[PDB]
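I have placed the structure first, in the form of structure tokens, so that the comments after it can refer back to it.
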Amino acid sequence: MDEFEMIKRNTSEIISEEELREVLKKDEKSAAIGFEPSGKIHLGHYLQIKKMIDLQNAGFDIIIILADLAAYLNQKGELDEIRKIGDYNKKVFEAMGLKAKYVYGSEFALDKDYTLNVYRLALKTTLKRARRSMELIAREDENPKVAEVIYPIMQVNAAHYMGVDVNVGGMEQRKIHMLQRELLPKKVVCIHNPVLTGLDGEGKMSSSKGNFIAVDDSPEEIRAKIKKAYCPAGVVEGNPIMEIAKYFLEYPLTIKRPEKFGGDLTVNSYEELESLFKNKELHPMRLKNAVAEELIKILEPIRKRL
Amino acid sequence: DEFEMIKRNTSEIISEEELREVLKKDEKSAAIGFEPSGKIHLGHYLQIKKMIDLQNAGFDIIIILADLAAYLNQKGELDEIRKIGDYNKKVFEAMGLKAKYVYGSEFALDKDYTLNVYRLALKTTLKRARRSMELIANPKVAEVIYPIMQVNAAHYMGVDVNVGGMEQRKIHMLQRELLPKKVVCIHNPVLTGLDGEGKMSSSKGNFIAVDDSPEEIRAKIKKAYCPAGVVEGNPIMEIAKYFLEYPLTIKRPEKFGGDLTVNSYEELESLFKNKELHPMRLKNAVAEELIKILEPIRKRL
Ligand SMILES: N[C@@H](Cc1ccc(O)c(OCc2ccccc2[N+](=O)[O-])c1)C(=O)O
Ligand SMILES: [Ca+2]
Ligand SMILES: [Cl-]
């Protein structure tokens, strides 16, 4: 359970913890995650790669899908441009400390046997359910394309084709994963990570919303981005600064300050920080300052490698 | 970070800025005094862990084994106390501490040492000496000799850092007043005994010894003071705070929410204060974690 603790920690749900126990009893086990290549890799990506590294340390072989064909179907551009971004993304994930098997979706998702099962699955997936599964994933389209409903079926089939025991993704993948659990002969365990709040507090962090910290942002950019961030005094949920403190910072954490309010604060844990903030013993401005400097240092090794 | 490793789980540092200055030097030392004890318990272990923190931050560690004080306080003959102290040395080594050891009797009766005690006695008012002892103490002459003896011992050691309990606070402040070299003082908390009636001591069933068997640990924790919802003065919660590693998992039935993974002591504290974690499940968890923490020590002894 030191391993299992490593896995469950900071996830939103595991479907199911029962089945996940049975998986852990094996000398060979594999876990996969896919990412549409993105020109900006931000903290939401980093959270998920941290979880893949967790799974690695519990004895899992890790597969990262650079999902060039998914990004193509989801209107991100032409394959050759997308693949270039994918190669950059691979370098960022490696810089994050993940040594894994990096594979382009198009290396397997065009195989005759893959496609034939996409077509089998299409006969069993309603249009309603396919479109519903994409509400949090599909690029906004006034006039939605056929591509949008092929995408979730292709994703269902990826775990079947590769024979992985565990699929990891953000909570926005939840509906595809439930479809996958109903349709495939072997259940695969699904681990869902939280979705970070955008820096302005409006909805989720996204490469296309301009409301994110990128792992390669400069110190000066990170300070500017945190200083303008939404950070309501004493409110924790939907507060992206507190989310950063929860999911990325290392404790103990020293928050310097003059003796005239409370003096220097050595914070033992995120929970201590949460108490201090909810009781308004720590002001948003001082929280932001400390979080900016700590995140700059956490991200420095990734920056240095790119 | 080195400062944070030294501060964690201390009661006070006199002073933090001075500590940060010491941390810049490439050669630095810290001392602590222990009266030799036939059983080494978690109260001792708390203080040795703090010397290990210092050792890991580059300090050379000196342990003063206080055999003269023990001899004067009626704990036996000096040769008998030496045998206990030599055992304590093996326990501290098993705990991970690499230190130099000195017995009080090896320096504190030397002629030039004694003359300096008397020099300090001539300089030091009874009023100031009594004030330094107000907390530790028909008062005896011994009461005012103790503080000037402690000051002289700090002068004789010449360490950068002194470590002890808040009980020693006023002695440490007198050392800082009277001596040219300003020693940095680190004060550690004390542990409640398993009975909840005072500080951990060698009273029957009132301590966990670091070499207690797993069954002895389970039996003592089972009958310890641990009232529902109470964190203050709760020795089981203090053990979770000062010795356990986080995160940790508490098995709990699904109708309560299922197994608990607690990220930190503070998360444990809120849960227990709220009666969201029952004393018997806290006790069972703390006992099993503590057994695992102590096992490498037990096996080296
Ligand atoms: N939906 C994910 C992307 C993702 C997740 C899991 C996968 O197995 C995955 O790749 C397979 C795939 C799924 C859907 C369409 C195309 C492909 N493809 O690249 O061949 C992509 C995202 O939102 O970035
Ligand atoms: Ca025994
Ligand atoms: Cl002594």
Side-chain angles (χ1 to χ4, degrees), chain A residues 31-38 41 44-45 48 63-74 76 79 82-83 86 89 103-111 114-115 118 121 130 133-134 136-139 147-162 164 167-177 180 188 190 195 206-207, chain B residues 33-36 38-41 63-73 75 78 81-82 85 102-109 113 146 149-150 152-153 156 205 207-217 219-220 294 298 301:
Chain A
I33 183 158
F35 300 100
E36 294 184 33
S38 175
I41 301 299
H45 295 104
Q48 297 221 82
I63 301 123
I64 306 301
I65 300 164
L66 304 170
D68 57 335
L69 209 36
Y72 182 64
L73 289 166
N74 205 17
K76 302 285 163 66
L79 267 311
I82 285 168
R83 281 174 181 146
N89 290 182
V103 60
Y104 287 82
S106 60
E107 289 182 58
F108 60 90
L110 295 166
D111 293 355
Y114 195 103
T115 303
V118 172
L121 292 161
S133 80
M134 293 289 293
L136 299 172
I137 300 169
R139 189 164 181 84
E148 185 189 291
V149 295
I150 292 175
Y151 181 126
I153 315 273
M154 287 182 78
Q155 183 165 333
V156 166
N157 202 53
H160 177 253
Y161 198 71
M162 286 184 320
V164 303
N167 262 133
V168 185
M171 278 297 288
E172 80 287 344
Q173 312 296 319
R174 179 163 159 64
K175 285 295 253 283
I176 290 173
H177 282 156
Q180 166 177 285
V188 351
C190 298
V195 182
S206 153
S207 301
Chain B
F34 281 109
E35 178 170 66
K39 291 271 187 199
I40 294 303
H41 53 68
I63 297 310
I64 300 163
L65 294 176
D67 60 323
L68 189 67
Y71 171 77
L72 293 167
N73 280 349
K75 291 188 176 308
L78 285 172
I81 294 154
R82 288 289 285 264
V102 178
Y103 282 101
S105 65
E106 289 174 54
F107 64 90
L109 300 170
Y113 185 92
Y146 188 78
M149 169 64 56
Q150 290 298 120
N152 202 46
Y156 172 92
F207 61 96
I208 300 299
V210 290
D211 66 320
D212 278 346
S213 66
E215 285 306 318
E216 271 167 336
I217 295 173
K220 287 169 180 201
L294 296 180
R298 196 164 59 239
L301 300 175

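Protein chains get the first letters and strands the later ones, always in sequence-line order, with residue 1 at the start of each. In listed order, ligands and their atoms are each counted from 1.
- In summary, of the residues considered (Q173(A), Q180(A), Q155(A)), a side-chain hydrogen bond (donor to acceptor under 3.5 Å, both in side chains) with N167(A) occurs for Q180(A) alone.
- Considering only heavy atoms from C-beta on, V210(B) stays 4.5 Å or farther from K39(B) through its side chain.
- When the heavy atoms of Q180(A), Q155(A), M154(A) are ranked by distance to atom 7 (C) of ligand 1, first place goes to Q155(A).
- Nearest protein neighbour of atom 2 (C) of ligand 1, counting heavy atoms only, is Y151(A) OH, 3.4 Å.
- Of all the atoms in ligand 1, the ones that sit under 4.0 Å from a non-hydrogen atom of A67(A) are 10 (O), 19 (O), 21 (C).
- In terms of N/O distances under 3.5 Å, ligand 1 is approached by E36(A).
- Among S106(A), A70(A), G86(A), the residue whose heavy atom lies closest to atom 18 (N) of ligand 1 is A70(A).
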Test side-chain contact (heavy atoms from CB on, under 4.5 Å) applied to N89(A) and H45(A), step by step: CA-CA 10 Å; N89(A) 290 182; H45(A) 295 104; over 6 Å; no
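- Of all the heavy atoms of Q173(A), the ones lying under 4.0 Å from any atom of ligand 1 belong exclusively to the side chain.
- With a heavy-atom cut-off of 4.0 Å, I65(A) touches ligand 1 through its side chain alone.
- Using a 30° and 60° split on the angle between ring planes, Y114(A) and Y161(A) fall in the perpendicular class, above 60°.
- Nearest protein neighbour of atom 20 (O) of ligand 1, counting heavy atoms only, is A109(A) CB, 3.0 Å.
- Although no hydrogens or angles enter the test, the distance criterion places no donor-acceptor pair under 3.5 Å between the side chain of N152(B) and the main chain of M149(B).
- Shown here is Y72(A), whose OH atom has no more than 12 heavy atoms of other residues, nucleotides or ligands within 6.0 Å.
- The side-chain heavy atoms of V103(A) and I63(A), taken from C-beta on, include a pair separated by under 4.5 Å.
- Under a 4.0 Å criterion applied to the non-hydrogen atoms of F35(A), ligand 1 contributes the atoms 24 (O).
- Residue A158(A) touches ligand 1 through its side chain alone, judged by heavy-atom distances below 4.0 Å.
- Under 3.0 Å from the Ca ion (ligand 2) lies no N/O/S atom of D212(B), from backbone or side chain alike.
- Using a 3.5 Å distance cut-off with no hydrogens or angles, the side chains of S105(B) and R82(B) do not pair a donor with an acceptor.
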